[PDB]
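Chemist: Give me the fold of what follows.
(2 chains, ligands or ions: 2)
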Amino acid sequence: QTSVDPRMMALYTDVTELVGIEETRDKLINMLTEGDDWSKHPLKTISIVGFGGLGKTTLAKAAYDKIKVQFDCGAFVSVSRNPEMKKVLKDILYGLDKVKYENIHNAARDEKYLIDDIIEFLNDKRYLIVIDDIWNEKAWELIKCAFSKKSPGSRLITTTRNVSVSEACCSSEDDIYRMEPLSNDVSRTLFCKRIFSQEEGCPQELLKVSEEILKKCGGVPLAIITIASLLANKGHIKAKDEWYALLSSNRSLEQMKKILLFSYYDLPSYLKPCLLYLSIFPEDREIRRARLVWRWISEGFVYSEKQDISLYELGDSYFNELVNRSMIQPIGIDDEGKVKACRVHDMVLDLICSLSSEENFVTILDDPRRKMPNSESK
Amino acid sequence: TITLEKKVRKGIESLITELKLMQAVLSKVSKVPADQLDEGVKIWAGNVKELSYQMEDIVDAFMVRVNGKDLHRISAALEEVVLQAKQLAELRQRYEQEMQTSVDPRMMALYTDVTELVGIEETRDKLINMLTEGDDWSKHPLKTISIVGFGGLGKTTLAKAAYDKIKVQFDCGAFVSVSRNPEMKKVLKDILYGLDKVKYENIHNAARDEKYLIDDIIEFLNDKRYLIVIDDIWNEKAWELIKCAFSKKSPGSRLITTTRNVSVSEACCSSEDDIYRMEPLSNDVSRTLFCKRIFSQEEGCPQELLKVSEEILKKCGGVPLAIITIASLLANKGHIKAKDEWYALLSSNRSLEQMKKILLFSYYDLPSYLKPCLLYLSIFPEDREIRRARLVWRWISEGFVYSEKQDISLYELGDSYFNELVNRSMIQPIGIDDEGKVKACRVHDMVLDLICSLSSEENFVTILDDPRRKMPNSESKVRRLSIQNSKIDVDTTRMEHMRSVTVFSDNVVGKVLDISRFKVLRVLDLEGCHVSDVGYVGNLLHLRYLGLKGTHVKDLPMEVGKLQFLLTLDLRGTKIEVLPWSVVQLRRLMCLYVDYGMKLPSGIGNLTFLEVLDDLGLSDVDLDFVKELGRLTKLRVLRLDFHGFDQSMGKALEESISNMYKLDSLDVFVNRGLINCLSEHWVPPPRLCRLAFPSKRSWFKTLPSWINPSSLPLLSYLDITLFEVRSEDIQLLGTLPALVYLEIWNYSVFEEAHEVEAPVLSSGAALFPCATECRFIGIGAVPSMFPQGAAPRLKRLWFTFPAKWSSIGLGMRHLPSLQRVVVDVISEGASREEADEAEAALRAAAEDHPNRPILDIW
Ligand SMILES: Nc1ncnc2c1ncn2[C@@H]1O[C@H](COP(=O)(O)OP(=O)(O)OP(=O)(O)O)[C@@H](O)[C@H]1O
Ligand SMILES: Nc1ncnc2c1ncn2[C@@H]1O[C@H](COP(=O)(O)OP(=O)(O)OP(=O)(O)O)[C@@H](O)[C@H]1O
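Modeler: Numbering: from 1, shown residues only, chains lettered A, B, ... in the order given. Ligands and ions are numbered 1, 2, ... in the order given. Take a look at the structure below.
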């Protein structure tokens, strides 16, 4: 049969296991209400952006559960990558009132009548609605119709991985919240709590390997949690040399890989090679963009049939699109007014290296790891 | 050599069958919108198209040229093309692996805010008045209104506005939309659910046939007033079925329908007064919409942008969809773009994709045999207008028009194709031809861009402009070429397989390119160019259309007799005087345009199949010529000149004319004097439909006797100048059944010194059925002409009135439909004091009429 989205179980995680939410939760809550007469201003929309595994839907869920009391009706809907609009509208309706629209998932009407139902139900009410995991523009363009009328005091929240989608949702660029990774102390406490759960005392021999591992994670809660479960080995903590072996180099790991690969399976077909090409450069350094663009043009990944196009600006567009989908961190400003360099997360780099190795796209030569392929003549 | 002949025949028959199959497949493919095809099928279809072109060329070569060398070349080409076909088949089979739906883009527009519509109030109130129209509207029978126009014009918006405004004064209503390929069950369920959301709340899950749903609708509407809107009807069967639910009679109920097709609207409404034709916005309204959309708050356009703004607004054409999309494109909500960027856009995103997808519905709906005929319009320049006869003859020459019936003329098929294109609101017709049909046509500019892109993606047509649209980067096989900017230079050494060349340049460099190398041509069109002489027209052997109009050609090579296939030969405005004799030997020839100053050779009787002959000389000609004229039997248009023609032999000419059974139009031009032909006891052809004598200085005597409505049952046009008109001559014209148009001159009033005599009509009613215009130039009377109310369709009247008759009444209430009157007064007999008296009198007589026509005294 078909499997279920691995991100669904995370909605049933206990609340006493979240480390550093209070600050961000209260900041978002203040961004929503913001005043004493917030219940008299026009409808507002907030959006949250970042890369996968950063903790967006967790924060939205926290704020929603905290302040849902001060409204009349609300819902918490999730849109996937390839959505069916009927399903989304039925989900909204069933979330607004479980009794009246109890059998709404069996009705067979088109989108116009479902939108009319949503409009009629929301007349003269304050509502708080969260829409999750939007992946492109058409979906929002259609769902926006149900919130066309004006309603003083109502609020919308959306979460996404794509930046242009967030610019299209919100009106002002002050209504965008950018998720950012945890600090070092918070990450360390999460780690300890996750593994040394009760002692919360790290032995000394493990300190420096712990620090290098935490640096490799980068403050992303998903990676921290998965590696902590890997090293926990609930029966027994592993040995120091085994920690070293892991650093140099299961269900949770498969889940993390499957989750991160959503952004790769979503790219247009002409952008997949341009991404794998990043597995040529070493780990932590940064890459000049001009080098990348000229090498892409030389390899033959950039072409068009129009008569009046310059390949340089096509390549630049490809680079900006890769940055747009939150798969690359830009750094600095070039001497011609553009980005200077780019960085890549380390787990993403490992995924890319494995993907590109499974197809003879690139062969790397390190002595400890990644030696010559055993049986390959080409 | 006997064996070779037998083999080539077999190969050709095989190719013909294969061509049929390939065309079936391609037509099947070309229906799917581009978003549902996969790349494999698309690539394979392109290659199949190319092979089809090659095989057509081989078949044509065999048909024309049939010796040893020819048969050898043909056998070689046959073998090669068969091999290529097999190879492509294997290639497709090698990489075949088997391994949601979007929403209508027009749906979001129903949720647009109402404060963003600019100029609705007037049209909205006009439609509302067309619906109610009175105080007792709630007691008249059921009425149906329809709205027509092209896409993006604002039909459903207007319907929605009126509906929301007046829905209160009814009991029940609904707003349903039918798509292109509808399911009738879904439409009926939609109506039911719209009428009552509570009772029929779960109606979309019921599973009954159409009969029971129709019965439910009929039972619910019993004893109620309802207002129902039905949207986006695309053909006739849908309405034919939905009409059954509104079969009973219900006083006070109303229906509205909106559509893009004209025949559908004629089938919905009863009277042609219940049709609303949407028309684009004016210039001021369009400009305010533009500004509002972009400069939203300032509403102040900077000066440097004024003229580019005006050119852009002219290109949009007043269609709200285009205005809105281009305004969003130039807005760039972050920042208004720069002036040079505006220029770049003018010379040359989500909203743009949506607009293209919306406009392409009318293209994906055409029958398969009409899609090429539309793409062919991408050959002509942007804003000019196109003659329809040119189009029709070029379509026939290219091979787009064919049928298997035995008794059909391709000219009327082509005319039907043109009228169908006009019917679907994809072409704007302009003017009236000299044979009673449309003259020219225009195309919207965005539609033109869409057509150009579509036709370019398939090597259908290659255009040559220097700034944009240069030679294709990697293309060795070009079939149809269109030269518009003579600045470019052409290679024309790889273009072996041309089919059609057209030059639009007044420029000298236009005549520079060599033509004798295109050994396979079908259409040569040099109309307007300044070429001087063409001796290479022979040795082409494949032509079908030779268009030389308005060129400086002095004389033709006496080798045109070799072109055994030549449908059209157009010589007008050239400097030719005598046609070469070998012209007689063009057995397949269907159209001959020529000036009356050119000498035709003798044996013209051999040119059977002639369907159109223009401006015969008829001067310095013997009798056997006028007798030969009687052999062209299937001839539908004729024009004569009678210039030097001796009027002693008119009887033979009239017999030869009476011999042509199929015939529609006829002209006779005579300089002066009395016309000494077409005597009485003539028996005109039965199907005649248009007759004209544009002389205006050569009169008939009293009237031809053969004008009785039995001999000419069909007639919709007439133009005669009589010597002296009687009173019981207009009577005979009243007897004529159709007679849409009419124009009579009285020769004695002007050239002689006779005076205007008042004609009186008597003994009858309904004298002029279907007479929309009448110009009695030389004779006039308003009341006594039309007693009891006759000609209840007239719209323009021309008559003369002496000032003597100031002391007959000018009451214009006999005639309801009057809209325009043109008068001229003769003031020498009566004094000025009677003159201004009569002027004010007829002015008041025009003012009392409810329609309030316009006057002109002259
Ligand atoms: N502050 C935190 N403390 C502990 N765990 C956290 C915290 N924030 C997030 N997590 C954990 O991170 C995991 C993934 O987070 P989440 O799925 O909310 O990120 P996301 O932005 O929704 O990812 P995606 O963009 O793929 O939907 C969850 O299992 C959650 O338990
Ligand atoms: N008077 C107006 N002012 C502003 N916008 C208008 C006006 N009329 C129409 N529009 C806009 O034009 C767009 C298309 O109009 P509409 O779809 O009603 O035309 P239509 O005749 O229904 O087209 P189709 O024949 O394809 O259904 C709509 O988005 C509407 O907002």
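Chemist: how far out from the middle of the chain is stretch A:295-305?
Modeler: Centre-to-centre, stretch A:295-305 and its host chain are 29 Å apart (C-alpha atoms, centre = their mean, to the nearest Å).
Chemist: mind listing what's buried in it?
Modeler: Using 16 or more other C-beta atoms under 10 Å in any protein chain shown as the test for burial, stretch A:295-305 gives A:296, A:301, A:302. All C-beta spots, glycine's among them, are computed from the backbone N, C-alpha and C.
Chemist: Please apply the same query to stretch A:9-23.
Modeler: A:10, A:18, A:19, A:20.
Chemist: which one of those residues is nearest chain B?
Modeler: residue A:10 (26.2 Å; C-beta to the nearest C-beta).
Chemist: Got the domain ranges for chain A?
Modeler: According to curated CATH domains, chain A comprises the domains A:9-178, A:260-365.
Chemist: Point me to the residue of the stretch 51-200 of chain A nearest ligand 2.
Modeler: Relative to ligand 2, the nearest point of the stretch 51-200 of chain A is residue A:145 (12.6 Å; C-beta to the nearest ligand atom).
Chemist: what's the burial count for that residue?
Modeler: Counted by other C-beta atoms under 10 Å in any protein chain shown, the residues lying close to residue A:145 total 18.
Chemist: mind listing what the residue nearest to it when sequence neighbours are not counted touches?
Modeler: Leaving aside its sequence neighbours, residue A:145 sits nearest to residue B:111 (C-beta to C-beta, 6 or more residues apart in numbering or on different chains; 4.4 Å). Counting by C-beta atoms under 8 Å, 6 or more residues apart in numbering or on different chains, residue B:111 touches A:115, A:145, A:148.
Chemist: Need the three-state assignment for the second one.
Modeler: Secondary structure, DSSP: H, G, I helix; E, B strand; the rest coil: residue A:145 is helix.
Chemist: Over to the first one?
Modeler: With three-state DSSP as the basis, the three-state label of residue A:115 is helix.
Chemist: Assumed residue A:131 was part of a helix.
Modeler: No - with three-state DSSP as the criterion, residue A:131 is located in strand rather than a helix.
Chemist: what are the bridge partners for it, then?
Modeler: With DSSP bridges as the criterion, residue A:131 is bridged to residue A:77, residue A:158.
Chemist: State the phi and psi torsions of the residue nearest to the spatial centre of chain A.
Modeler: Geometric centre of chain A, nearest residue: residue A:52, 2.5 Å, by C-alpha atoms, centre = their mean. Backbone torsions for residue A:52, taken as degrees, to the nearest 10, come to phi -70, psi 150.
Chemist: just to revisit the earlier point, right, so of the domains of chain A, which gets closest to ligand 1?
Modeler: Checked against C-beta to the nearest ligand atom, the stretch from those lying closest is domain A:9-178, at 3.1 Å.
Chemist: From one end of the closest one to the other, what's the distance?
Modeler: 24 Å (C-alpha to C-alpha, to the nearest Å).
Chemist: could the domains of chain A be laid out in TSV, adding distance to ligand 1?
Modeler: Compiled in TSV, the domains of chain A are given as follows (distance: least, C-beta to the nearest ligand atom, whole Å):
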stretch	distance to ligand 1
domain A:9-178	3
domain A:260-365	7
